[PDB]
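K.L.:
Here you go, this is upload_37.txt (compact mmCIF, C-alpha atoms (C1' of nucleotides)).
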# COMPACT_ATOMS: atom_id res chain seq x y z
CA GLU A 35 -9.14 -88.49 16.09
CA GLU A 36 -6.07 -88.50 13.85
CA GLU A 37 -6.47 -84.74 13.26
CA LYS A 38 -10.20 -85.21 12.51
CA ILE A 39 -11.05 -83.37 15.78
CA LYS A 40 -10.43 -80.17 13.80
CA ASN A 41 -13.44 -80.53 11.50
CA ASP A 42 -15.63 -81.62 14.40
CA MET A 43 -15.07 -78.25 16.08
CA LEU A 44 -15.50 -76.28 12.82
CA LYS A 45 -19.24 -76.95 13.15
CA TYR A 46 -19.30 -74.78 16.30
CA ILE A 47 -17.31 -71.66 15.32
CA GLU A 48 -20.20 -69.93 13.53
CA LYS A 49 -22.04 -69.21 16.82
CA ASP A 50 -21.39 -67.04 19.89
CA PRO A 51 -18.71 -68.62 22.17
CA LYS A 52 -20.56 -67.89 25.41
CA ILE A 53 -19.75 -70.05 28.47
CA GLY A 54 -21.85 -69.68 31.60
CA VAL A 55 -20.13 -70.62 34.85
CA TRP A 56 -21.78 -70.80 38.28
CA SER A 57 -19.30 -70.66 41.17
CA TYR A 58 -19.37 -68.72 44.40
CA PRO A 59 -15.56 -68.60 44.99
CA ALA A 60 -14.64 -67.36 41.50
CA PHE A 61 -17.53 -64.88 41.48
CA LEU A 62 -16.38 -63.51 44.85
CA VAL A 63 -12.75 -63.26 43.69
CA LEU A 64 -13.66 -61.47 40.46
CA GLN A 65 -16.27 -59.22 42.07
CA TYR A 66 -13.98 -58.26 44.96
CA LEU A 67 -11.30 -57.21 42.50
CA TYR A 68 -13.91 -55.33 40.43
CA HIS A 69 -14.78 -53.29 43.52
CA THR A 70 -11.22 -52.70 44.72
CA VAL A 71 -9.00 -52.16 41.64
CA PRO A 72 -10.20 -49.56 39.11
CA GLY A 73 -10.43 -50.54 35.48
CA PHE A 74 -10.83 -54.23 36.37
CA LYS A 75 -12.41 -56.30 33.60
CA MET A 76 -13.94 -59.35 35.26
CA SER A 77 -14.96 -61.38 32.22
CA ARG A 78 -11.64 -60.95 30.40
CA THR A 79 -9.67 -62.16 33.42
CA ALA A 80 -12.25 -64.96 33.76
CA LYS A 81 -11.46 -65.80 30.15
CA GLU A 82 -7.77 -65.83 31.07
CA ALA A 83 -8.41 -68.07 34.09
CA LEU A 84 -10.71 -70.48 32.31
CA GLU A 85 -8.43 -70.83 29.28
CA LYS A 86 -5.40 -71.39 31.53
CA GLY A 87 -7.08 -74.15 33.54
CA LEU A 88 -8.79 -75.80 30.59
CA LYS A 89 -5.54 -75.80 28.57
CA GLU A 90 -4.19 -77.85 31.49
CA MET A 91 -7.03 -80.37 31.78
CA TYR A 92 -7.27 -81.11 28.00
CA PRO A 93 -3.93 -80.07 26.46
CA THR A 94 -4.36 -81.65 23.00
CA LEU A 95 -7.92 -80.44 22.51
CA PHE A 96 -7.09 -76.92 23.67
CA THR A 97 -4.09 -76.78 21.33
CA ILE A 98 -6.29 -77.78 18.37
CA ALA A 99 -9.03 -75.30 19.35
CA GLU A 100 -6.48 -72.50 19.81
CA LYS A 101 -5.03 -73.22 16.37
CA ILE A 102 -8.49 -72.99 14.78
CA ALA A 103 -9.33 -69.80 16.68
CA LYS A 104 -6.06 -68.03 15.81
CA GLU A 105 -6.23 -68.97 12.12
CA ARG A 106 -9.76 -67.52 12.24
CA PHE A 107 -8.59 -63.89 12.06
CA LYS A 108 -9.96 -62.27 8.89
CA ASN B 34 -7.33 -54.15 59.20
CA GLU B 35 -5.36 -57.46 59.17
CA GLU B 36 -6.47 -58.00 55.54
CA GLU B 37 -9.83 -59.28 56.67
CA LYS B 38 -10.97 -56.39 54.54
CA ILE B 39 -11.15 -59.10 51.88
CA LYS B 40 -13.67 -61.21 53.81
CA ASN B 41 -15.83 -58.20 54.72
CA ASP B 42 -15.90 -57.06 51.09
CA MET B 43 -16.75 -60.52 49.77
CA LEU B 44 -19.62 -60.85 52.26
CA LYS B 45 -21.39 -58.07 50.31
CA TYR B 46 -21.80 -60.52 47.41
CA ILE B 47 -23.09 -63.78 48.87
CA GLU B 48 -26.77 -62.88 48.37
CA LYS B 49 -26.28 -62.65 44.58
CA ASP B 50 -26.27 -65.37 41.94
CA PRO B 51 -22.60 -66.19 41.13
CA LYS B 52 -22.94 -66.24 37.34
CA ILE B 53 -19.79 -65.48 35.33
CA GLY B 54 -20.02 -64.89 31.59
CA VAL B 55 -16.99 -65.83 29.47
CA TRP B 56 -16.42 -65.18 25.74
CA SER B 57 -13.65 -67.49 24.49
CA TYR B 58 -13.54 -69.27 21.14
CA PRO B 59 -10.96 -71.92 22.18
CA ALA B 60 -12.62 -72.80 25.48
CA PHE B 61 -16.05 -72.91 23.86
CA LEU B 62 -14.89 -75.24 21.10
CA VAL B 63 -13.16 -77.55 23.57
CA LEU B 64 -16.28 -77.73 25.75
CA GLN B 65 -18.56 -78.26 22.72
CA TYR B 66 -16.46 -81.09 21.26
CA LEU B 67 -16.40 -82.71 24.70
CA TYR B 68 -20.18 -82.30 24.98
CA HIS B 69 -20.85 -83.81 21.56
CA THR B 70 -18.35 -86.69 21.88
CA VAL B 71 -18.53 -87.95 25.47
CA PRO B 72 -21.80 -89.29 26.92
CA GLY B 73 -23.40 -87.36 29.74
CA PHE B 74 -20.91 -84.50 29.63
CA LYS B 75 -21.61 -81.43 31.76
CA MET B 76 -20.18 -78.41 29.93
CA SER B 77 -20.75 -75.85 32.67
CA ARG B 78 -19.31 -78.21 35.29
CA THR B 79 -16.04 -78.57 33.36
CA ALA B 80 -16.01 -74.84 32.69
CA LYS B 81 -16.39 -74.20 36.42
CA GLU B 82 -13.51 -76.53 37.18
CA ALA B 83 -11.18 -74.98 34.60
CA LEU B 84 -12.05 -71.44 35.69
CA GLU B 85 -11.56 -72.24 39.38
CA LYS B 86 -8.24 -73.94 38.63
CA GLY B 87 -6.86 -71.02 36.63
CA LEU B 88 -8.32 -68.45 39.02
CA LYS B 89 -6.73 -70.17 42.00
CA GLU B 90 -3.40 -70.17 40.17
CA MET B 91 -3.54 -66.48 39.24
CA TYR B 92 -5.05 -65.29 42.56
CA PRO B 93 -4.02 -67.77 45.28
CA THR B 94 -4.66 -65.63 48.38
CA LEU B 95 -7.90 -64.11 47.07
CA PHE B 96 -9.22 -67.48 45.92
CA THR B 97 -8.33 -69.21 49.20
CA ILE B 98 -10.28 -66.66 51.25
CA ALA B 99 -13.12 -66.88 48.72
CA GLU B 100 -13.20 -70.68 48.93
CA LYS B 101 -13.30 -70.40 52.72
CA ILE B 102 -16.21 -67.98 52.64
CA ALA B 103 -18.01 -70.10 50.03
CA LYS B 104 -17.83 -73.43 51.87
CA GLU B 105 -18.51 -71.77 55.22
CA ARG B 106 -21.42 -69.53 54.18
CA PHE B 107 -23.07 -72.37 52.20
CA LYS B 108 -23.10 -75.46 54.41
CA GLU B 109 -26.75 -75.32 55.59
CA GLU C 35 -46.58 -29.50 19.66
CA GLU C 36 -49.92 -30.93 20.81
CA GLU C 37 -48.35 -34.43 21.07
CA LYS C 38 -47.86 -34.58 17.33
CA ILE C 39 -44.20 -34.82 18.35
CA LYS C 40 -45.24 -37.88 20.36
CA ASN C 41 -46.04 -39.84 17.19
CA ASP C 42 -43.07 -38.27 15.41
CA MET C 43 -40.83 -39.84 18.07
CA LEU C 44 -42.66 -43.19 18.14
CA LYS C 45 -41.27 -43.73 14.62
CA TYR C 46 -37.74 -44.04 16.04
CA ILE C 47 -38.33 -46.19 19.15
CA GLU C 48 -37.85 -49.42 17.18
CA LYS C 49 -34.07 -48.93 16.91
CA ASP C 50 -31.01 -48.90 19.16
CA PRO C 51 -30.60 -45.63 21.13
CA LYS C 52 -26.89 -45.32 20.27
CA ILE C 53 -25.51 -41.75 20.34
CA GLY C 54 -21.89 -41.33 19.31
CA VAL C 55 -20.14 -38.34 20.91
CA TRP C 56 -16.55 -37.21 20.29
CA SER C 57 -15.40 -34.86 23.05
CA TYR C 58 -11.88 -34.51 24.44
CA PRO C 59 -12.96 -33.03 27.83
CA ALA C 60 -15.87 -35.44 28.36
CA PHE C 61 -13.76 -38.41 27.30
CA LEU C 62 -10.89 -37.36 29.55
CA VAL C 63 -13.15 -36.99 32.60
CA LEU C 64 -14.83 -40.33 31.97
CA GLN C 65 -11.49 -42.11 31.46
CA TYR C 66 -9.92 -40.47 34.51
CA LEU C 67 -12.78 -41.66 36.68
CA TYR C 68 -12.56 -45.12 35.06
CA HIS C 69 -8.90 -45.36 36.14
CA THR C 70 -9.16 -43.88 39.65
CA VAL C 71 -12.50 -44.97 41.16
CA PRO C 72 -13.17 -48.74 41.09
CA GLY C 73 -16.34 -49.94 39.44
CA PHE C 74 -16.84 -46.76 37.41
CA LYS C 75 -19.27 -47.34 34.55
CA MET C 76 -18.19 -44.74 32.00
CA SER C 77 -21.10 -44.89 29.57
CA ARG C 78 -23.94 -44.96 32.06
CA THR C 79 -22.68 -41.78 33.73
CA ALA C 80 -22.21 -40.39 30.22
CA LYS C 81 -25.88 -41.28 29.67
CA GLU C 82 -26.78 -39.51 32.92
CA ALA C 83 -24.81 -36.42 31.85
CA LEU C 84 -26.34 -36.28 28.37
CA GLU C 85 -29.84 -36.75 29.81
CA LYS C 86 -29.10 -33.97 32.32
CA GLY C 87 -27.90 -31.74 29.48
CA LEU C 88 -30.92 -32.31 27.23
CA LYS C 89 -33.34 -31.94 30.14
CA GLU C 90 -32.09 -28.33 30.33
CA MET C 91 -32.04 -27.56 26.58
CA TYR C 92 -35.28 -29.27 25.46
CA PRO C 93 -37.26 -29.69 28.70
CA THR C 94 -40.64 -30.18 27.00
CA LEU C 95 -39.14 -32.48 24.36
CA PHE C 96 -37.26 -34.47 26.98
CA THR C 97 -40.31 -34.73 29.25
CA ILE C 98 -42.40 -36.21 26.45
CA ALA C 99 -39.65 -38.59 25.32
CA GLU C 100 -39.23 -39.64 28.97
CA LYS C 101 -42.91 -40.48 29.36
CA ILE C 102 -42.69 -42.56 26.19
CA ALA C 103 -39.50 -44.35 27.27
CA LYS C 104 -40.91 -45.16 30.72
CA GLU C 105 -44.20 -46.44 29.37
CA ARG C 106 -42.33 -48.48 26.71
CA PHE C 107 -41.67 -51.26 29.29
CA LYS C 108 -45.28 -52.49 29.05
CA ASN D 34 2.22 -33.43 42.89
CA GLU D 35 -0.23 -30.96 44.38
CA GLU D 36 -3.68 -31.94 42.97
CA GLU D 37 -2.03 -31.49 39.57
CA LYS D 38 -2.24 -35.28 39.81
CA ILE D 39 -5.45 -35.17 37.77
CA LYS D 40 -3.69 -33.47 34.86
CA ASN D 41 -0.92 -36.10 34.89
CA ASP D 42 -3.51 -38.88 34.76
CA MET D 43 -5.44 -37.16 31.97
CA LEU D 44 -2.40 -36.50 29.79
CA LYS D 45 -1.91 -40.29 29.62
CA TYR D 46 -5.19 -40.50 27.66
CA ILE D 47 -4.98 -37.57 25.23
CA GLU D 48 -3.51 -39.65 22.40
CA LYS D 49 -6.65 -41.81 22.21
CA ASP D 50 -9.73 -41.42 20.04
CA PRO D 51 -12.04 -39.58 22.47
CA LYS D 52 -15.19 -41.57 21.68
CA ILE D 53 -18.18 -42.01 24.01
CA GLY D 54 -21.05 -44.37 23.21
CA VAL D 55 -24.29 -43.59 25.00
CA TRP D 56 -27.42 -45.78 25.10
CA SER D 57 -30.66 -44.09 26.17
CA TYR D 58 -34.18 -44.03 24.72
CA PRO D 59 -35.17 -40.52 25.95
CA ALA D 60 -32.12 -38.71 24.58
CA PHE D 61 -32.08 -40.75 21.37
CA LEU D 62 -35.73 -39.94 20.69
CA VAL D 63 -35.14 -36.25 21.41
CA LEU D 64 -32.08 -35.98 19.17
CA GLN D 65 -33.90 -37.84 16.40
CA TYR D 66 -37.01 -35.64 16.55
CA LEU D 67 -34.76 -32.59 16.34
CA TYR D 68 -32.81 -34.14 13.45
CA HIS D 69 -35.90 -34.76 11.34
CA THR D 70 -37.79 -31.56 12.25
CA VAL D 71 -34.86 -29.11 12.00
CA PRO D 72 -33.26 -28.00 8.69
CA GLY D 73 -29.58 -28.89 8.91
CA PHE D 74 -29.66 -30.16 12.49
CA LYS D 75 -26.17 -31.08 13.66
CA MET D 76 -27.31 -33.75 16.24
CA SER D 77 -23.88 -35.07 17.14
CA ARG D 78 -22.66 -31.55 17.74
CA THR D 79 -25.78 -31.22 19.89
CA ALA D 80 -25.21 -34.51 21.71
CA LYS D 81 -21.64 -33.40 22.44
CA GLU D 82 -22.84 -30.01 23.65
CA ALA D 83 -25.36 -31.56 26.04
CA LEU D 84 -22.88 -34.18 27.27
CA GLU D 85 -20.09 -31.65 27.94
CA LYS D 86 -22.62 -29.43 29.71
CA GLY D 87 -23.91 -32.23 31.93
CA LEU D 88 -20.39 -33.39 32.79
CA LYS D 89 -19.44 -29.84 33.73
CA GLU D 90 -22.40 -29.71 36.13
CA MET D 91 -21.55 -33.13 37.57
CA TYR D 92 -17.73 -33.10 37.73
CA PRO D 93 -16.88 -29.38 37.56
CA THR D 94 -13.28 -29.72 38.77
CA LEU D 95 -12.51 -32.65 36.49
CA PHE D 96 -14.21 -30.87 33.59
CA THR D 97 -12.24 -27.64 34.09
CA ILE D 98 -8.91 -29.46 34.07
CA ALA D 99 -9.94 -31.56 31.06
CA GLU D 100 -11.13 -28.51 29.11
CA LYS D 101 -7.87 -26.75 30.02
CA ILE D 102 -5.77 -29.59 28.62
CA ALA D 103 -8.14 -29.86 25.61
CA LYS D 104 -7.70 -26.22 24.62
CA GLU D 105 -3.99 -26.60 25.40
CA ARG D 106 -3.51 -29.58 23.05
CA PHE D 107 -3.23 -27.72 19.71
CA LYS D 108 -3.17 -24.00 20.61
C1' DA E 1 -2.66 -36.77 6.37
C1' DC E 2 -7.49 -36.04 9.29
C1' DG E 3 -11.43 -34.52 12.79
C1' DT E 4 -15.31 -36.22 13.05
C1' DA E 5 -20.09 -38.26 11.91
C1' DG E 6 -22.65 -42.19 11.82
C1' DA E 7 -22.61 -47.32 11.65
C1' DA E 8 -20.99 -51.68 13.03
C1' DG E 9 -19.63 -55.29 16.22
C1' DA E 10 -16.76 -58.12 19.46
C1' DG E 11 -17.77 -58.70 23.93
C1' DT E 12 -20.17 -57.97 29.05
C1' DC E 13 -22.64 -59.12 32.69
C1' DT E 14 -26.71 -60.22 34.36
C1' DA E 15 -31.29 -62.43 33.37
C1' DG E 16 -34.39 -66.14 32.71
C1' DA E 17 -36.84 -70.21 30.81
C1' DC E 18 -35.46 -74.86 31.76
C1' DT E 19 -33.39 -79.45 33.60
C1' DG E 20 -31.81 -82.39 37.18
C1' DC F 1 -34.80 -75.53 43.91
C1' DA F 2 -28.75 -75.07 42.31
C1' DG F 3 -27.08 -74.86 38.33
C1' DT F 4 -27.57 -74.82 32.64
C1' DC F 5 -26.77 -72.51 28.66
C1' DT F 6 -28.21 -69.39 25.78
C1' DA F 7 -30.33 -64.58 25.06
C1' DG F 8 -30.28 -59.67 25.34
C1' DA F 9 -29.52 -54.65 26.66
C1' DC F 10 -25.82 -52.26 26.64
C1' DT F 11 -20.34 -51.17 26.73
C1' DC F 12 -16.92 -49.41 24.54
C1' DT F 13 -13.99 -49.23 20.95
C1' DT F 14 -12.93 -49.79 15.97
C1' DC F 15 -14.49 -49.02 10.97
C1' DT F 16 -15.97 -46.60 6.84
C1' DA F 17 -16.85 -42.87 3.89
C1' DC F 18 -15.84 -38.09 3.78
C1' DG F 19 -14.96 -32.97 3.37
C1' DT F 20 -11.00 -30.90 6.48
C1' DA F 21 -12.54 -22.18 6.66
Could you render the structure as structure tokens?

P.N.:
Amino acid sequence: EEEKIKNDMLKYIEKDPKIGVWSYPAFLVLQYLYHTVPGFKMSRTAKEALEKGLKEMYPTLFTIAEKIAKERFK
Amino acid sequence: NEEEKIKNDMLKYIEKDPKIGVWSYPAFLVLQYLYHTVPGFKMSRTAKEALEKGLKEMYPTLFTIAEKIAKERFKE
Amino acid sequence: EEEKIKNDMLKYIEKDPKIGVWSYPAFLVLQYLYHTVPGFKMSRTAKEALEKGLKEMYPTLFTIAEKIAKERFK
Amino acid sequence: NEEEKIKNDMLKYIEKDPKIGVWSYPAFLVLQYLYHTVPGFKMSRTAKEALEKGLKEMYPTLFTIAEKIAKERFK
DNA sequence: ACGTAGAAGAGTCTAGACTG
DNA sequence: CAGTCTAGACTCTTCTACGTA
């Protein structure tokens, strides 16, 4: 927990980071925009939404995960 | 048309399964650490909450009308 | 002929049907539609256009490949 | 703008790599049969020819303006 | 500096076998 | 059965190796 969290999450980064949400209101928001604004990418803006909220519910964990993900560029 | 265009559009969706697919390394790692360190964690539940929170913040009017039509259309 | 070509094409059906086209006019039309009509799927209409084009250059060949692709679902 | 709107929208794209990735069993099988049973078969030339043809038949106005700006680009 | 052919791959968006 | 969570066809764009009369 004293920066050990890092290596706990390293076990997970070698697999596809797919998250499957089930919600009527967010699906309706995203789908409505998909059908009214051209070029709308639903799953990228869902990524934006989900990261923004989750970075607010678990700030420390999200910071550590973001660090590991950014330093992952190769 | 009073901007109840939004409700009439969104009603063309209710019959369909509301699955959203997200590809995010940071969010996935946060949810996976939570799932493997707290007992009885529900990953998709927490994902749903984070997504709805952010989506409300980025689209307040859209999400409010969507939440209305979700609670109203699914009460029975 | 004589459905020899049938088994010459069954060799290839185990791989991804990716076809990589580079075409300024086609790309421009597909992108313009992607930015002006909401919900425009660029590559499936590209698929429809390429299948329309072949079905007029190699109608026999396309017919036989189409029978094979349809019956592949089983 | 007087339906020269389309050209203004298109000229915002011209700098890009004009790539198109198609996924279809029938057309893939046909182009592959031709590739293996034709000496020096172009195949991507041919895919481009068929695609441009089909787009012309489907979006003739769009395709004319796009082909106009395409010829215009260099010459 | 390079137009373009193939090849490769991060992502998409729905599907589906599976729990609760 | 409503949601899970991962799997897969398929989307689009980048990448690589390569002759550009």

K.L.:
If you count only C-alpha atoms (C1' of nucleotides), which residues fall within 10 Å of residue F:6, apart from same-chain ones fewer than 2 positions away, as a ChimeraX atom specification?

P.N.:
/A:50,52-54 /E:16 /F:4,8

K.L.:
Residues of chain F no more than 12 Å from chain D, counting all atoms listed in the file: send them over as a list in words.

P.N.:
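For chain F, the answer reads residues 9, 10, 11, 12, 13 and 14 of chain F.
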
K.L.:
List as a ChimeraX atom specification the protein and nucleic acid residues near residue A:100, meaning an atom at most 10 Å away when all atoms listed in the file are counted, but skip any in the same chain fewer than 6 places from it.

P.N.:
/A:85,89,94,106 /B:57-60,62-63

K.L.:
Closest to residue C:44 among C:81, C:69, C:75, C:101, using all atoms listed in the file?

P.N.:
C:101

K.L.:
Do you know which residues are at most 12 Å from residue D:36 counting all atoms listed in the file, after dropping those on the same chain fewer than 5 positions away, and could you put them as a ChimeraX atom specification?

P.N.:
/D:41-42,94-95,98

K.L.:
Put those residues in a file: C-alpha atoms, as a PDB file, in the coordinates of the input.

P.N.:
ATOM      1  CA  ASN D  41      -0.920 -36.100  34.890  1.00  0.00           C
ATOM      2  CA  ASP D  42      -3.510 -38.880  34.760  1.00  0.00           C
ATOM      3  CA  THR D  94     -13.280 -29.720  38.770  1.00  0.00           C
ATOM      4  CA  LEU D  95     -12.510 -32.650  36.490  1.00  0.00           C
ATOM      5  CA  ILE D  98      -8.910 -29.460  34.070  1.00  0.00           C
TER       6      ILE D  98
END

K.L.:
Counting only C-alpha atoms (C1' of nucleotides), find residues at most 9 Å from (-22.1, -32.5, 28.8) (file frame) and give them as number ranges by chain.

P.N.:
C: 60, 80, 83-88; D: 80-91

K.L.:
Hey, list the chain B side of the contact with chain A: 9 Å cut-off, all atoms listed in the file, answer as a count of residues only.

P.N.:
50

K.L.:
What are the closest atom pairs, with distances in Å to one decimal, for all residues of chain A lying within 8 Å of chain C? Consider all atoms listed in the file, order rows by chain and residue number, and present the result as CSV.

P.N.:
residue,atom,partner,partner_atom,distance
A:68,CA,C:73,CA,6.0
A:69,CA,C:72,CA,5.4
A:70,CA,C:72,CA,5.7
A:71,CA,C:72,CA,5.4
A:72,CA,C:72,CA,3.7
A:73,CA,C:69,CA,5.4
A:74,CA,C:72,CA,7.6

K.L.:
Name the closest residue to chain C among the candidates D:75, D:49, D:37, D:99; distances are taken between atoms, counting only C-alpha atoms.

P.N.:
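Using only C-alpha atoms, chain C sits closest to D:99.
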
K.L.:
Could you work out how far atom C1' of residue E:17 lies from atom CA of residue B:48, giving the answer in Å with one decimal?

P.N.:
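Pair atom CA of residue B:48 / atom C1' of residue E:17 returns 21.5 Å.
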
K.L.:
Quick one: pull the distance between atom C1' of residue E:2 and atom CA of residue D:107, Å, one decimal.

P.N.:
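One can read the atom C1' of residue E:2 to atom CA of residue D:107 distance as 14.0 Å.
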
K.L.:
Within 10 Å of chain E, which residues belong to chain D? Use only C-alpha atoms (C1' of nucleotides) and report them as a ChimeraX atom specification.

P.N.:
/D:75-78

K.L.:
Suppose you want the space between atom CA of residue B:74 and atom CA of residue A:41; what is it in Å?

P.N.:
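Computed distance, atom CA of residue B:74 to atom CA of residue A:41, equals 20.0 Å.
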
K.L.:
Missing atoms in stretch 63-79 of chain D should be modelled up to N, CA, C and O atoms and reported as a JSON list (two decimals), in the coordinates of the input.

P.N.:
[["chain", "number", "residue", "atom", "x", "y", "z"],
["D", 63, "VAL", "N", -35.19, -37.70, 21.51],
["D", 63, "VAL", "CA", -35.14, -36.25, 21.41],
["D", 63, "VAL", "C", -34.21, -35.82, 20.28],
["D", 63, "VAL", "O", -34.58, -34.99, 19.43],
["D", 64, "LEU", "N", -33.00, -36.37, 20.23],
["D", 64, "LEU", "CA", -32.08, -35.98, 19.17],
["D", 64, "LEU", "C", -32.61, -36.36, 17.80],
["D", 64, "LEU", "O", -32.38, -35.63, 16.83],
["D", 65, "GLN", "N", -33.36, -37.46, 17.70],
["D", 65, "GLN", "CA", -33.90, -37.84, 16.40],
["D", 65, "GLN", "C", -35.04, -36.92, 15.97],
["D", 65, "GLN", "O", -35.12, -36.52, 14.79],
["D", 66, "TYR", "N", -35.95, -36.58, 16.89],
["D", 66, "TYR", "CA", -37.01, -35.64, 16.55],
["D", 66, "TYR", "C", -36.41, -34.34, 16.05],
["D", 66, "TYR", "O", -36.80, -33.82, 15.01],
["D", 67, "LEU", "N", -35.41, -33.82, 16.78],
["D", 67, "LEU", "CA", -34.76, -32.59, 16.34],
["D", 67, "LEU", "C", -34.10, -32.76, 14.98],
["D", 67, "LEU", "O", -34.19, -31.87, 14.13],
["D", 68, "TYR", "N", -33.46, -33.91, 14.73],
["D", 68, "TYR", "CA", -32.81, -34.14, 13.45],
["D", 68, "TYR", "C", -33.80, -34.07, 12.30],
["D", 68, "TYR", "O", -33.53, -33.45, 11.26],
["D", 69, "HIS", "N", -34.96, -34.70, 12.46],
["D", 69, "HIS", "CA", -35.90, -34.76, 11.34],
["D", 69, "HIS", "C", -36.74, -33.50, 11.21],
["D", 69, "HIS", "O", -37.21, -33.20, 10.11],
["D", 70, "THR", "N", -36.94, -32.74, 12.29],
["D", 70, "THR", "CA", -37.79, -31.56, 12.25],
["D", 70, "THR", "C", -37.00, -30.26, 12.31],
["D", 70, "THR", "O", -37.58, -29.21, 12.59],
["D", 71, "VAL", "N", -35.69, -30.30, 12.06],
["D", 71, "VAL", "CA", -34.86, -29.11, 12.00],
["D", 71, "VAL", "C", -34.01, -29.11, 10.74],
["D", 71, "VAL", "O", -33.25, -30.06, 10.51],
["D", 72, "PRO", "N", -34.07, -28.06, 9.92],
["D", 72, "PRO", "CA", -33.26, -28.00, 8.69],
["D", 72, "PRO", "C", -31.78, -27.86, 9.02],
["D", 72, "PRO", "O", -31.36, -26.86, 9.61],
["D", 73, "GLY", "N", -31.00, -28.85, 8.62],
["D", 73, "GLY", "CA", -29.58, -28.89, 8.91],
["D", 73, "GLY", "C", -29.25, -29.05, 10.38],
["D", 73, "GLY", "O", -28.35, -28.37, 10.89],
["D", 74, "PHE", "N", -29.95, -29.94, 11.08],
["D", 74, "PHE", "CA", -29.66, -30.16, 12.49],
["D", 74, "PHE", "C", -28.39, -30.98, 12.65],
["D", 74, "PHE", "O", -28.23, -32.04, 12.04],
["D", 75, "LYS", "N", -27.49, -30.48, 13.50],
["D", 75, "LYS", "CA", -26.17, -31.08, 13.66],
["D", 75, "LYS", "C", -26.25, -32.45, 14.34],
["D", 75, "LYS", "O", -25.67, -33.42, 13.84],
["D", 76, "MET", "N", -26.97, -32.54, 15.46],
["D", 76, "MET", "CA", -27.31, -33.75, 16.24],
["D", 76, "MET", "C", -26.16, -34.43, 16.98],
["D", 76, "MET", "O", -26.31, -34.78, 18.16],
["D", 77, "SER", "N", -24.98, -34.51, 16.38],
["D", 77, "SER", "CA", -23.88, -35.07, 17.14],
["D", 77, "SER", "C", -23.10, -33.95, 17.80],
["D", 77, "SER", "O", -22.63, -34.10, 18.92],
["D", 78, "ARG", "N", -23.02, -32.81, 17.11],
["D", 78, "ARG", "CA", -22.66, -31.55, 17.74],
["D", 78, "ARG", "C", -23.55, -31.32, 18.96],
["D", 78, "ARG", "O", -23.07, -30.97, 20.04],
["D", 79, "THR", "N", -24.86, -31.51, 18.80],
["D", 79, "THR", "CA", -25.78, -31.22, 19.89],
["D", 79, "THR", "C", -25.64, -32.23, 21.02],
["D", 79, "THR", "O", -25.68, -31.85, 22.20]]
